[PDB]
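Participant: This structure is in structure tokens; I'll ask about it shortly.
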Amino acid sequence: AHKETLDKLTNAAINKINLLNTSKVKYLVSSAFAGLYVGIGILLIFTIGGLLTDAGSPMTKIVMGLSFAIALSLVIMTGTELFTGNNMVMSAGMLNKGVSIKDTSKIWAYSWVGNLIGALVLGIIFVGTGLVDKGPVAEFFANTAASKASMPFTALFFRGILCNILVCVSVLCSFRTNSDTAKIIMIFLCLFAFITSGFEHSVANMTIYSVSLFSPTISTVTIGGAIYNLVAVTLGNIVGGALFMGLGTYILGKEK
Amino acid sequence: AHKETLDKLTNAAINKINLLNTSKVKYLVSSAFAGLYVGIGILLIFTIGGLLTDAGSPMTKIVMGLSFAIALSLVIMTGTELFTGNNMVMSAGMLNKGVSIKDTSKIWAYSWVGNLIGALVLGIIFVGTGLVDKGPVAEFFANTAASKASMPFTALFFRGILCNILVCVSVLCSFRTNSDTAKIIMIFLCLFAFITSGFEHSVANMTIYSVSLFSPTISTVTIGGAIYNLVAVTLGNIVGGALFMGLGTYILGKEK
Amino acid sequence: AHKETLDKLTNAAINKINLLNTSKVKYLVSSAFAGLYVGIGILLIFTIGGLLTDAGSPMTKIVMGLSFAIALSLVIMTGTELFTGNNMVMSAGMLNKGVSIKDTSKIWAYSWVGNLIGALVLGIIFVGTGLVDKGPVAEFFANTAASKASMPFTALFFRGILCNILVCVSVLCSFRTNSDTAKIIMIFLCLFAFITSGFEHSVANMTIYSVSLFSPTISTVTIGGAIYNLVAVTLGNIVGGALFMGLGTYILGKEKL
Amino acid sequence: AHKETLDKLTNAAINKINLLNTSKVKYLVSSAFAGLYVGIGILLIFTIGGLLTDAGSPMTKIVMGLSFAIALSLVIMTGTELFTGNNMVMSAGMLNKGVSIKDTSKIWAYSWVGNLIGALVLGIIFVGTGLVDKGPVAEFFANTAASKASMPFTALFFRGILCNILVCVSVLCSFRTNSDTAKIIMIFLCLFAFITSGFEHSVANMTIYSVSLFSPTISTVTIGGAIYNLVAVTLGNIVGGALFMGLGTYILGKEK
Amino acid sequence: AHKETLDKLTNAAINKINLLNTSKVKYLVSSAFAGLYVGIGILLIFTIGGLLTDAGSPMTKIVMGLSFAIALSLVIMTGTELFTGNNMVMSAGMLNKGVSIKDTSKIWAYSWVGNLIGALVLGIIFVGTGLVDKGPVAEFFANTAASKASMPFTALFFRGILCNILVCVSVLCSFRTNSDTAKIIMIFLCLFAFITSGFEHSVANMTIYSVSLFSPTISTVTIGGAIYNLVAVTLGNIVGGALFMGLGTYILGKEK
């Protein structure tokens with residue numbers, strides 16, 4: 001069971017360095033589709049957070065957390081590239097040696113730049129809608145945009161650790177079943193979990209900092225506070241995806 | 001995986017005009033339906049919005065985007081012609097040289113009109129019920145059908161982009177999975193995102209203005225404003241479905 | 001896929017009038033199961049409607065719609081004869097030369113009369129439950145039954161279309177997928193819409209003007225006001241079932257050949 | 001599709017008496033399993049009424065119906081034997097001569113009794129939990145078991161009919177599809193329907209009264225109403241399965 | 001239908017011990033997974049209940065039970081080794097001779113401890129985030145670690161029994177169907193039922209007593225209250241799985 005999976009994970013890992021070594025335009029795009037897809041999820045639950053944080057309701061983080069299913073679901077279904085999964089994958093394929101430590105940091109790089117490109121594009125467009133001009137919407141943006149850049153390191157690190165856990169554990173669950181519906185539910189869950197709980201996702205945080213910097217209605221974080229939050233959380237994501245899930249998957253299904 | 005998708009996409013475009021070119025009756029009826037189905041979605045959400053606006057609920061815009069999955073789900077299940085969705089289909093199709101740059105417009109036209117024919121035929125029939133005869137139902141249709149015409153062209157554009165990114169990706173999602181349940185789910189999300197977040201949909205607004213103009217009890221906008229909108233937004237809906245969605249599927253899946 | 005679907009729609013007309021001929025007991029029964037099944041869901045959403053009207057809640061009309069799904073789902077899953085439905089199937093199956101205007105009108109009658117007999121039986125049985133002796137629910141029933149009589153024939157007619165447009169469209173959907181999960185899900189949305197929006201449904205209104213006439217804890221409507229509501233609604237229903245759904249499906253799927 | 005369905009039922013019943021004609025120990029520990037599964041619902045949906053009635057939220061009777069779904073679900077997904085199911089099963093079958101009045105009743109009382117062991121077994125255990133010592137949960141048990149016992153036979157009898165119409169019909173639906181998912185979705189709506197509407201279920205009452213009795217903190221029921229209710233309701237559920245759903249399904253697909 | 005399921009249940013328990021009689025490092029890393037997953041569940045539903053108790057919303061208990069779905073479905077979807085599951089499985093196999101009384105009480109320990117390991121890990125990494133710095137989260141994590149620990153043995157014995165009754169029947173449901181969707185749905189139901197009703201699942205508490213025993217902000221009772229709770233609850237899970245379900249599932253499938 002775990003072999004057929006660490007098998008699936010290994011092949012897919014390969015099929016990633018192969019497309020990269022084909023066209024960079026291709027790999028670049030698909031990374032900058034996942035970023036934009038995932039970013040869509042921030043817009044929903046932030047248009048949310050405002051309306052419910054504003055009216056005092058205690059349901060905000062709950063309703064928000066639930067309504068972030070559209071994120072990793074657009075990704076997995078469209079078959080696009082997102083770094084947070086490239087972690088657990090590109091790892092066990094480096095452990096199961098389908099791709100090397102070479103090919104791993106080769107990936108995690110471009111996908112991360114790709115993933116950012118997507119956020120930035122959705123930013124421009126999203127900001128260009130006047131939606132984040134006035135109101136308690138860009139207010140929820142700004143504050144949490146600021147909330148997260150002022151947060152100490154080990155949190156953003158350790159919060160980041162638990163995030164890419166669920167994210168991978170879902171991505172894995174995708175590999176483990178053939179019912180797309182079932183994938184979407186497991187995802188729906190694993191994101192309801194991390195979001196409401198209150199964890200951190202780099203490719204996500206990007207769309208947040210993608211909007212709150214093009215903003216003609218505030219900064220409260222600058223670029224410096226963004227770099228920090230990412231590299232903090234990026235760093236966190238990796239231990240979670242690679243050294244827990246990426247590794248443990250490699251073990252559980254190693255033809256030993 | 002992306003290759004295959006592209007092919008399927010390409011046929012759908014080929015198989016589109018092909019039909020339009022055999023019959024214009026059969027195709028008009030289809031867009032006619034589609035635009036009405038999408039407008040059934042509007043009646044529902046607006047009968048909600050007035051009922052929740054009247055009671056000042058902090059949720060109203062969250063319950064609405066939840067209650068819109070019916071619109072596009074009815075399209076994809078009855079297998080009918082939706083102008084926005086085509087934007088991806090024909091653009092990726094025309095691109096993949098399966099169909100022409102003149103087969104492309106001849107679809108967009110013939111559907112953007114069909115949908116509206118439906119929007120109309122449905123708009124009339126709604127009025128003849130008279131939930132619009134007065135009260136917060138009739139009201140909501142108004143106060144909102146006004147707000148759209150009196151809005152920057154810079155807004156209606158990017159609003160109308162991000163919407164029809166979520167609309168085609170929902171469609172793209174139906175072109176990649178064989179679960180009719182998962183097809184519906186993703187459609188249910190994508191409209192949760194685009195409607196709750198305040199994006200704009202040409203074929204939907206058609207029913208809005210199909211009803212704020214047939215309703216004896218008042219306008220506040222009149223044709224020009226309705227035209228200033230469908231136009232400012234349909235263009236956006238093309239720029240989203242074509243330049244973003246269709247070009248990317250194309251890039252992500254052509255043999256280099 | 002529109003041709004293969006008409007084929008199905010057509011093929012479905014055929015073995016229906018074939019069954020009515022085969023025997024009238026077998027057919028009328030099913031018809032009643034349908035009425036009952038649909039009416040069942042009326043008892044649910046009104047109880048909800050009473051529970052929640054009584055507390056002046058805003059989300060009443062909304063929960064009432066989100067809940068009615070069971071009505072048309074039982075129909076489809078049990079595979080049973082529901083008037084509003086045959087409005088689309090039988091028509092487009094005629095147009096597609098499946099059977100005659102004879103069998104069409106002959107089917108529309110029995111279904112409508114069997115749907116009625118389920119509505120009948122359910123009502124008495126339900127009055128027997130004593131769950132409409134007094135309280136906010138027998139109220140909601142009468143409150144609601146009256147409106148549906150005390151309403152202009154023009155709007156009862158029209159509302160009654162869209163409703164059958166939505167019922168039939170969900171039927172149409174039951175024919176274009178092999179996912180019983182998908183069937184129900186689309187029935188869900190379609191009813192959520194038709195109900196919460198404000199549309200009217202002969203077979204389900206059949207179950208409303210059955211409770212409030214059989215309950216001795218009030219007529220505020222009596223038989224006439226029903227005859228009125230039914231008629232206006234049964235027409236509209238027909239005008240959406242056979243004329244928008246029936247026609248369209250045919251025009252989409254008839255081989256010009 | 002009717003004749004297949006009928007036949008399925010008919011064979012289903014055969015297997016039943018055959019199992020009963022094989023092992024008594026095997027049949028009566030399946031029975032108890034159902035009743036126990038069923039009773040679990042009653043715990044949850046009274047734990048719900050508890051909280052919900054205690055804060056007078058109008059939605060008490062609504063959330064109960066939505067939550068009682070696990071009952072027949074656990075039974076139907078686990079091939080366990082539920083008395084109320086065999087009312088339609090045993091009868092549809094014996095009407096096709098797949099069995100005899102005798103098997104039917106043997107079943108009907110056997111199944112009924114194991115079922116009664118379930119509720120007996122649960123309640124005891126459930127009493128031992130602390131959850132009925134005090135708190136608004138127990139008031140809800142007492143007050144309910146009470147009314148359930150102190151209500152005109154006529155009534156209870158009719159509430160029986162309606163209930164088992166839904167119970168069996170849902171079971172009917174299980175026999176008519178293969179999407180195990182759907183079997184559930186329907187079970188869901190049928191129980192949402194039957195609880196929230198007011199109808200009485202026999203098996204499920206067992207647990208109710210069982211809990212109330214073996215609760216040291218006040219009964220208001222005594223075994224006095226127990227028998228009364230368990231009879232009046234059961235007598236209804238028999239006309240529910242047998243005379244409606246049972247004989248009705250036979251008349252629907254017999255080679256006549 | 002029950003034979004396939006006992007045969008399906010036995011092959012299982014052979015592998016579980018045949019995994020340990022092959023590798024410890026294999027088997028435990030999966031059990032540290034199961035535990036963590038279940039924990040992540042507790043990290044969510046307590047995150048809620050902290051917010052929802054901080055505003056007396058009567059709906060606290062219920063919402064929490066609906067959102068707990070993730071733990072056992074994660075454990076299921078990822079094949080990992082969960083203790084409570086085993087209870088029924090083993091004994092169902094040690095009763096139909098595929099493993100021994102040894103292989104049974106052998107499985108039950110390593111996993112029990114494997115599970116505990118992972119629960120301790122997430123714990124620190126959860127404080128590592130500092131979401132138990134203060135707020136009602138750590139508060140709720142405090143009252144409920146202690147309320148559970150300053151509770152009679154017998155109650156928690158009876159409580160825990162009922163739980164693993166459901167937890168195993170949902171696992172048993174896994175075995176009896178090829179729809180992951182359906183599997184996950186039954187877990188969602190079986191979990192919502194055990195938590196909102198009140199019952200006590202040991203491997204979860206492991207995370208609670210892990211979260212709190214590292215929460216810098218307080219112990220409220222200590223280690224002799226954590227051990228007692230775990231002992232009181234674990235043994236209750238075992239009668240419930242081993243004796244109720246296991247013995248039972250066995251009786252149902254056994255071949256005379």
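All residue names refer to the structure tokens as shown: chains lettered A, B, ... in order, residues numbered from 1 in each chain, ligands numbered from 1 in order.
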Can you list, as a PyMOL selection string, every residue of region 3-202 of chain C that DSSP puts in helix (DSSP H, G or I)?

Facilitator: chain C and resi 3-22+24-53+60-66+70-78+83-95+101-127+135-147+153-174+180-197+202

Participant: Within 12 Å of chain B, which residues of chain D show up when using only C-alpha atoms, listed as a PyMOL selection string?

Facilitator: chain D and resi 179+181-182

Participant: CA of residue 132 (chain E) to CA of residue 219 (chain E): how many Å, to one decimal?

Facilitator: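 One can read the CA of residue 132 (chain E) to CA of residue 219 (chain E) distance as 12.4 Å.
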
Participant: Might you pull out every residue within 8 Å of region 60-75 of chain A, with only C-alpha atoms counted and same-chain residues fewer than 2 positions away left off, and present them as number ranges by chain?

Facilitator: A: 33-34, 37-42, 44-46, 48-49, 52-53, 57-58, 77-82, 167, 184, 187-189, 191-196; B: 169, 173, 186, 189-190, 193; E: 48

Participant: So what do you get for CA of residue 256 (chain C) versus CA of residue 125 (chain B), distance-wise?

Facilitator: 29.4 Å

Participant: When the cut-off is 10 Å and we count only C-alpha atoms, which residues of chain C are near chain D, given as an mmCIF file with N, CA, C and O atoms, in the first residue's frame?

Facilitator:
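Below is the file part_17.cif, written as the result:
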data_model
loop_
_atom_site.group_PDB
_atom_site.id
_atom_site.type_symbol
_atom_site.label_atom_id
_atom_site.label_comp_id
_atom_site.auth_asym_id
_atom_site.auth_seq_id
_atom_site.Cartn_x
_atom_site.Cartn_y
_atom_site.Cartn_z
ATOM 1 N N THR C 22 -50.695 -1.850 -19.995
ATOM 2 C CA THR C 22 -50.387 -3.136 -19.349
ATOM 3 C C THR C 22 -51.301 -3.410 -18.153
ATOM 4 O O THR C 22 -51.780 -4.530 -17.968
ATOM 5 N N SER C 23 -51.525 -2.377 -17.346
ATOM 6 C CA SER C 23 -52.451 -2.431 -16.214
ATOM 7 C C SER C 23 -52.610 -1.043 -15.606
ATOM 8 O O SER C 23 -51.686 -0.235 -15.629
ATOM 9 N N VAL C 25 -53.775 -0.577 -12.370
ATOM 10 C CA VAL C 25 -53.477 -0.665 -10.949
ATOM 11 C C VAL C 25 -52.008 -0.337 -10.733
ATOM 12 O O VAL C 25 -51.673 0.573 -9.968
ATOM 13 N N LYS C 26 -51.138 -1.074 -11.422
ATOM 14 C CA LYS C 26 -49.700 -0.849 -11.317
ATOM 15 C C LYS C 26 -49.370 0.625 -11.517
ATOM 16 O O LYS C 26 -48.614 1.209 -10.742
ATOM 17 N N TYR C 27 -49.957 1.228 -12.546
ATOM 18 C CA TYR C 27 -49.686 2.630 -12.854
ATOM 19 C C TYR C 27 -50.197 3.611 -11.785
ATOM 20 O O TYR C 27 -49.426 4.426 -11.279
ATOM 21 N N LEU C 28 -51.487 3.531 -11.452
ATOM 22 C CA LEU C 28 -52.102 4.463 -10.505
ATOM 23 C C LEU C 28 -51.385 4.458 -9.172
ATOM 24 O O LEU C 28 -51.195 5.512 -8.564
ATOM 25 N N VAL C 29 -51.002 3.265 -8.720
ATOM 26 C CA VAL C 29 -50.222 3.113 -7.497
ATOM 27 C C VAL C 29 -49.005 4.023 -7.531
ATOM 28 O O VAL C 29 -48.921 4.976 -6.765
ATOM 29 N N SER C 30 -48.070 3.729 -8.431
ATOM 30 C CA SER C 30 -46.873 4.548 -8.599
ATOM 31 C C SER C 30 -47.209 6.039 -8.521
ATOM 32 O O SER C 30 -46.574 6.794 -7.788
ATOM 33 N N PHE C 33 -47.697 6.943 -4.930
ATOM 34 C CA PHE C 33 -46.402 6.985 -4.285
ATOM 35 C C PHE C 33 -45.713 8.321 -4.540
ATOM 36 O O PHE C 33 -45.113 8.897 -3.631
ATOM 37 N N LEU C 36 -47.533 11.194 -2.697
ATOM 38 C CA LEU C 36 -47.125 10.991 -1.317
ATOM 39 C C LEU C 36 -45.672 11.411 -1.109
ATOM 40 O O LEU C 36 -45.393 12.250 -0.264
ATOM 41 N N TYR C 37 -44.749 10.846 -1.879
ATOM 42 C CA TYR C 37 -43.333 11.186 -1.702
ATOM 43 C C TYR C 37 -43.156 12.700 -1.664
ATOM 44 O O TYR C 37 -42.590 13.227 -0.711
ATOM 45 N N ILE C 40 -44.718 14.335 1.254
ATOM 46 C CA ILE C 40 -43.933 14.067 2.439
ATOM 47 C C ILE C 40 -43.058 15.283 2.686
ATOM 48 O O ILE C 40 -43.122 15.896 3.750
ATOM 49 N N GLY C 41 -42.279 15.661 1.679
ATOM 50 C CA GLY C 41 -41.399 16.813 1.778
ATOM 51 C C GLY C 41 -42.110 18.129 2.051
ATOM 52 O O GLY C 41 -41.491 19.103 2.484
ATOM 53 N N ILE C 42 -43.410 18.177 1.790
ATOM 54 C CA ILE C 42 -44.194 19.342 2.169
ATOM 55 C C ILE C 42 -44.340 19.359 3.687
ATOM 56 O O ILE C 42 -44.173 20.399 4.335
ATOM 57 N N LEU C 43 -44.621 18.193 4.259
ATOM 58 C CA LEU C 43 -44.789 18.106 5.695
ATOM 59 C C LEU C 43 -43.494 18.526 6.406
ATOM 60 O O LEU C 43 -43.530 19.132 7.476
ATOM 61 N N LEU C 44 -42.348 18.236 5.803
ATOM 62 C CA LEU C 44 -41.090 18.616 6.430
ATOM 63 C C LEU C 44 -40.893 20.129 6.412
ATOM 64 O O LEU C 44 -40.668 20.743 7.459
ATOM 65 N N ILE C 45 -40.980 20.729 5.227
ATOM 66 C CA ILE C 45 -40.675 22.153 5.084
ATOM 67 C C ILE C 45 -41.694 23.094 5.742
ATOM 68 O O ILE C 45 -41.356 24.229 6.084
ATOM 69 N N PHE C 46 -42.925 22.628 5.937
ATOM 70 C CA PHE C 46 -43.906 23.447 6.638
ATOM 71 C C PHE C 46 -43.680 23.351 8.133
ATOM 72 O O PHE C 46 -43.712 24.360 8.834
ATOM 73 N N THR C 47 -43.446 22.143 8.631
ATOM 74 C CA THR C 47 -43.070 22.015 10.030
ATOM 75 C C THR C 47 -41.908 22.953 10.307
ATOM 76 O O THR C 47 -41.871 23.614 11.351
ATOM 77 N N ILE C 48 -40.954 22.996 9.376
ATOM 78 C CA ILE C 48 -39.844 23.925 9.481
ATOM 79 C C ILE C 48 -40.388 25.334 9.399
ATOM 80 O O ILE C 48 -39.979 26.222 10.155
ATOM 81 N N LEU C 51 -42.166 26.026 12.798
ATOM 82 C CA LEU C 51 -41.106 26.172 13.796
ATOM 83 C C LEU C 51 -40.448 27.545 13.714
ATOM 84 O O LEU C 51 -40.165 28.178 14.733
ATOM 85 N N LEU C 52 -40.213 28.008 12.493
ATOM 86 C CA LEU C 52 -39.340 29.149 12.306
ATOM 87 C C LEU C 52 -40.080 30.450 12.025
ATOM 88 O O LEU C 52 -39.518 31.530 12.204
ATOM 89 N N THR C 53 -41.329 30.352 11.577
ATOM 90 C CA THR C 53 -42.167 31.540 11.410
ATOM 91 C C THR C 53 -42.521 32.051 12.801
ATOM 92 O O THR C 53 -42.520 33.255 13.067
ATOM 93 N N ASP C 54 -42.793 31.092 13.679
ATOM 94 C CA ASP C 54 -43.172 31.310 15.070
ATOM 95 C C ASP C 54 -42.117 32.099 15.845
ATOM 96 O O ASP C 54 -42.402 32.666 16.900
ATOM 97 N N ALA C 55 -40.899 32.124 15.325
ATOM 98 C CA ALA C 55 -39.798 32.783 16.002
ATOM 99 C C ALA C 55 -39.344 33.965 15.177
ATOM 100 O O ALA C 55 -38.195 34.395 15.286
ATOM 101 N N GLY C 56 -40.253 34.466 14.342
ATOM 102 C CA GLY C 56 -39.985 35.573 13.433
ATOM 103 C C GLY C 56 -38.611 35.564 12.781
ATOM 104 O O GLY C 56 -37.983 36.617 12.624
ATOM 105 N N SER C 57 -38.139 34.381 12.393
ATOM 106 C CA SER C 57 -36.809 34.267 11.800
ATOM 107 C C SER C 57 -36.805 34.739 10.345
ATOM 108 O O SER C 57 -37.800 34.571 9.632
ATOM 109 N N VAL C 63 -34.327 28.067 4.819
ATOM 110 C CA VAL C 63 -34.213 26.700 5.295
ATOM 111 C C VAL C 63 -35.292 25.843 4.625
ATOM 112 O O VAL C 63 -35.073 24.676 4.329
ATOM 113 N N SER C 67 -34.443 22.339 2.198
ATOM 114 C CA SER C 67 -34.905 21.130 2.869
ATOM 115 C C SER C 67 -35.806 20.255 2.006
ATOM 116 O O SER C 67 -35.925 19.041 2.238
ATOM 117 N N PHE C 68 -36.408 20.875 0.993
ATOM 118 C CA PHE C 68 -37.458 20.254 0.182
ATOM 119 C C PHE C 68 -36.947 19.198 -0.780
ATOM 120 O O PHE C 68 -37.731 18.469 -1.385
ATOM 121 N N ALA C 69 -35.627 19.129 -0.922
ATOM 122 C CA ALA C 69 -34.980 18.171 -1.808
ATOM 123 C C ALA C 69 -35.618 16.796 -1.744
ATOM 124 O O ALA C 69 -35.872 16.195 -2.772
ATOM 125 N N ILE C 70 -35.890 16.291 -0.549
ATOM 126 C CA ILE C 70 -36.407 14.929 -0.454
ATOM 127 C C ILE C 70 -37.619 14.683 -1.351
ATOM 128 O O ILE C 70 -37.902 13.542 -1.714
ATOM 129 N N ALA C 71 -38.328 15.745 -1.717
ATOM 130 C CA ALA C 71 -39.586 15.587 -2.437
ATOM 131 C C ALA C 71 -39.379 14.933 -3.788
ATOM 132 O O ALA C 71 -39.983 13.905 -4.084
ATOM 133 N N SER C 73 -36.371 13.882 -5.008
ATOM 134 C CA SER C 73 -35.419 12.784 -4.863
ATOM 135 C C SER C 73 -36.089 11.426 -4.642
ATOM 136 O O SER C 73 -35.748 10.459 -5.305
ATOM 137 N N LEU C 74 -37.020 11.336 -3.704
ATOM 138 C CA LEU C 74 -37.765 10.094 -3.550
ATOM 139 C C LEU C 74 -38.375 9.689 -4.884
ATOM 140 O O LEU C 74 -38.253 8.543 -5.309
ATOM 141 N N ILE C 76 -37.537 10.366 -8.088
ATOM 142 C CA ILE C 76 -36.496 9.842 -8.979
ATOM 143 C C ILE C 76 -35.897 8.512 -8.520
ATOM 144 O O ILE C 76 -35.918 7.544 -9.274
ATOM 145 N N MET C 77 -35.379 8.450 -7.295
ATOM 146 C CA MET C 77 -34.752 7.221 -6.785
ATOM 147 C C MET C 77 -35.689 5.993 -6.736
ATOM 148 O O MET C 77 -35.282 4.882 -7.080
ATOM 149 N N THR C 78 -36.936 6.183 -6.316
ATOM 150 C CA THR C 78 -37.898 5.085 -6.334
ATOM 151 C C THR C 78 -38.384 4.790 -7.748
ATOM 152 O O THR C 78 -39.044 3.778 -7.982
ATOM 153 N N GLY C 79 -38.061 5.679 -8.682
ATOM 154 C CA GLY C 79 -38.600 5.609 -10.027
ATOM 155 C C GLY C 79 -40.119 5.538 -10.007
ATOM 156 O O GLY C 79 -40.684 4.449 -10.025
ATOM 157 N N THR C 80 -40.786 6.690 -9.972
ATOM 158 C CA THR C 80 -42.245 6.722 -9.837
ATOM 159 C C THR C 80 -42.890 7.862 -10.624
ATOM 160 O O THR C 80 -42.214 8.815 -11.011
ATOM 161 N N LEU C 122 -51.946 10.810 2.267
ATOM 162 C CA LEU C 122 -50.956 11.350 3.198
ATOM 163 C C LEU C 122 -51.608 12.315 4.191
ATOM 164 O O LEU C 122 -51.306 12.290 5.387
ATOM 165 N N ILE C 124 -54.878 12.714 5.398
ATOM 166 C CA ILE C 124 -55.659 12.074 6.454
ATOM 167 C C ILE C 124 -54.742 11.420 7.493
ATOM 168 O O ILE C 124 -54.856 11.670 8.693
ATOM 169 N N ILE C 125 -53.836 10.579 7.012
ATOM 170 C CA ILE C 125 -52.841 9.932 7.852
ATOM 171 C C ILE C 125 -52.124 10.928 8.742
ATOM 172 O O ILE C 125 -51.839 10.632 9.898
ATOM 173 N N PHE C 126 -51.831 12.104 8.184
ATOM 174 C CA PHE C 126 -51.078 13.164 8.869
ATOM 175 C C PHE C 126 -51.935 13.927 9.905
ATOM 176 O O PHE C 126 -51.470 14.293 10.994
ATOM 177 N N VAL C 127 -53.189 14.171 9.552
ATOM 178 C CA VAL C 127 -54.132 14.721 10.504
ATOM 179 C C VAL C 127 -54.260 13.743 11.669
ATOM 180 O O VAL C 127 -54.265 14.160 12.827
ATOM 181 N N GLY C 128 -54.349 12.448 11.353
ATOM 182 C CA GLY C 128 -54.315 11.388 12.349
ATOM 183 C C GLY C 128 -53.103 11.391 13.290
ATOM 184 O O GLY C 128 -53.166 10.876 14.410
ATOM 185 N N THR C 129 -51.988 11.959 12.853
ATOM 186 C CA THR C 129 -50.821 12.050 13.719
ATOM 187 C C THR C 129 -51.084 13.025 14.864
ATOM 188 O O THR C 129 -50.389 13.018 15.886
ATOM 189 N N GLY C 130 -52.087 13.879 14.664
ATOM 190 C CA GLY C 130 -52.412 14.947 15.589
ATOM 191 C C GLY C 130 -51.415 16.094 15.550
ATOM 192 O O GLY C 130 -51.460 17.006 16.389
ATOM 193 N N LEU C 131 -50.513 16.055 14.572
ATOM 194 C CA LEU C 131 -49.464 17.064 14.474
ATOM 195 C C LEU C 131 -49.906 18.347 13.797
ATOM 196 O O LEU C 131 -49.073 19.122 13.346
ATOM 197 N N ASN C 178 -24.738 9.363 -14.961
ATOM 198 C CA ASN C 178 -24.904 8.058 -14.340
ATOM 199 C C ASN C 178 -24.531 8.063 -12.867
ATOM 200 O O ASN C 178 -24.296 7.004 -12.273
ATOM 201 N N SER C 179 -24.484 9.265 -12.293
ATOM 202 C CA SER C 179 -24.143 9.445 -10.886
ATOM 203 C C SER C 179 -25.392 9.697 -10.064
ATOM 204 O O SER C 179 -25.995 10.769 -10.145
ATOM 205 N N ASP C 180 -25.794 8.708 -9.280
ATOM 206 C CA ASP C 180 -26.965 8.898 -8.449
ATOM 207 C C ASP C 180 -26.677 10.027 -7.446
ATOM 208 O O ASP C 180 -27.569 10.784 -7.064
ATOM 209 N N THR C 181 -25.414 10.160 -7.058
ATOM 210 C CA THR C 181 -24.996 11.306 -6.261
ATOM 211 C C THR C 181 -25.291 12.612 -7.000
ATOM 212 O O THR C 181 -25.882 13.526 -6.423
ATOM 213 N N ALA C 182 -24.906 12.691 -8.276
ATOM 214 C CA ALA C 182 -25.181 13.887 -9.093
ATOM 215 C C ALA C 182 -26.673 14.149 -9.267
ATOM 216 O O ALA C 182 -27.118 15.298 -9.180
ATOM 217 N N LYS C 183 -27.441 13.088 -9.506
ATOM 218 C CA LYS C 183 -28.880 13.243 -9.669
ATOM 219 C C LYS C 183 -29.428 14.004 -8.475
ATOM 220 O O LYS C 183 -29.998 15.091 -8.635
ATOM 221 N N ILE C 184 -29.232 13.451 -7.279
ATOM 222 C CA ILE C 184 -29.792 14.055 -6.061
ATOM 223 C C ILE C 184 -29.316 15.490 -5.865
ATOM 224 O O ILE C 184 -30.119 16.388 -5.615
ATOM 225 N N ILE C 185 -28.004 15.691 -5.996
ATOM 226 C CA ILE C 185 -27.397 17.010 -5.828
ATOM 227 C C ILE C 185 -28.079 18.058 -6.699
ATOM 228 O O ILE C 185 -28.363 19.160 -6.233
#

Participant: Can you write out as CSV which residues of region 69-145 of chain C fall within 9 Å of region 219-232 of chain C, alongside each residue's closest atom pair and its distance in Å to one decimal, counting only C-alpha atoms and ordering rows by chain and ascending residue number?

Facilitator:
residue,atom,partner,partner_atom,distance
C:142,CA,C:220,CA,6.1
C:143,CA,C:220,CA,8.1
C:145,CA,C:221,CA,6.6

Participant: Give me a file of those residues, with C-alpha atoms, as a short mmCIF file (atom, residue, chain, number, x, y, z; two decimals), in the first residue's frame.

Facilitator:
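In the end it all went to result_33.cif:
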data_model
loop_
_atom_site.label_atom_id
_atom_site.label_comp_id
_atom_site.auth_asym_id
_atom_site.auth_seq_id
_atom_site.Cartn_x
_atom_site.Cartn_y
_atom_site.Cartn_z
CA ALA C 142 -53.76 27.56 6.74
CA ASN C 143 -51.84 30.83 6.59
CA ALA C 145 -53.02 27.53 1.96
#

Participant: Between CA of residue 93 (chain C) and CA of residue 253 (chain C), what is the distance, to one decimal in Å?

Facilitator: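 Between CA of residue 93 (chain C) and CA of residue 253 (chain C) the gap works out to 11.2 Å.
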